[PDB]
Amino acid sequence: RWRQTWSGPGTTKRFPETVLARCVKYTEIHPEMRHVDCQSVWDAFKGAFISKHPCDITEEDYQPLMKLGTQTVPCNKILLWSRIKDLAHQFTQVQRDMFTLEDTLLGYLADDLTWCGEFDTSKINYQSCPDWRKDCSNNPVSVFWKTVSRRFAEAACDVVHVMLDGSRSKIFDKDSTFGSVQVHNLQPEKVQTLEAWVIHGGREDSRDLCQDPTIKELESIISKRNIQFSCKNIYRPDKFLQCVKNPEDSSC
């Protein structure tokens, strides 16, 4: 029809089959995740949002699933990223130098998906889901990503890397999940340094974005939590990926 309940697009078509298949698949590639029963994962997942008003979703609603998806990612090789999805993934895919959220079982199950149910019903709503901004922040998708992103920051140790999109005017954005969940949930007992990689978008190597006002902010935020801060520009990310694929491949 012409109206729709919510302002957001509705559940990714064939959601259950997709999440379940992604489960099987991930438990096939990654051997320390073969104890996982995928149908169980699915039931945890479903039970987090099915028959709940999709604006009255909590982190607790997700804890059964967070328990089934329990995973150790080497705590010193974590790559956080904000608003620069594709470089972060093309990077970790070369030789697994680092792990992003989407290299975890849970992050790989939800990545690029949308889901919600209805209060009155056990039906998945394929027609519309709440919008973070126009409707409510406590919706199935937003709440999932916040909880998993928190846990993932809290898992991290030693030198933690963040990739940031330097093409944005707010390179460090206090209102992103990085700036408002992860930055606050890095554990200062365990995290020695946050190292920012500011990924330039063009004219190759523009200004030094490590002097960006928002970057001086991130820095003082992190310094006052007693974690050291370090920043590096990445001028040509294409060249940076070719260097990672072939170190000492002429410039690298």
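Position 1 is the first residue in the sequence shown; the rest follow in order.
In this entry, 166-174 shows the higher mean Cα temperature factor of the pair 166-174 and 112-120. Annotation for 29-37 versus 220-228: the higher mean temperature factor (C-alpha) is found in 29-37.
Among all modelled residues in its chain, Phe152 ranks in the middle third by Cα B-factor. Among the modelled residues of its chain, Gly10 has a C-alpha B-factor that falls in the highest third according to the deposited record. Annotation for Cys129: CA B-factor lies in the middle third of the chain's modelled residues.
When the modelled residues of the chain are ordered by their C-alpha B factor, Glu102 lands in the lowest third.
Among the modelled residues of its chain, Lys67 has a C-alpha B-factor that falls in the highest third according to the deposited record.
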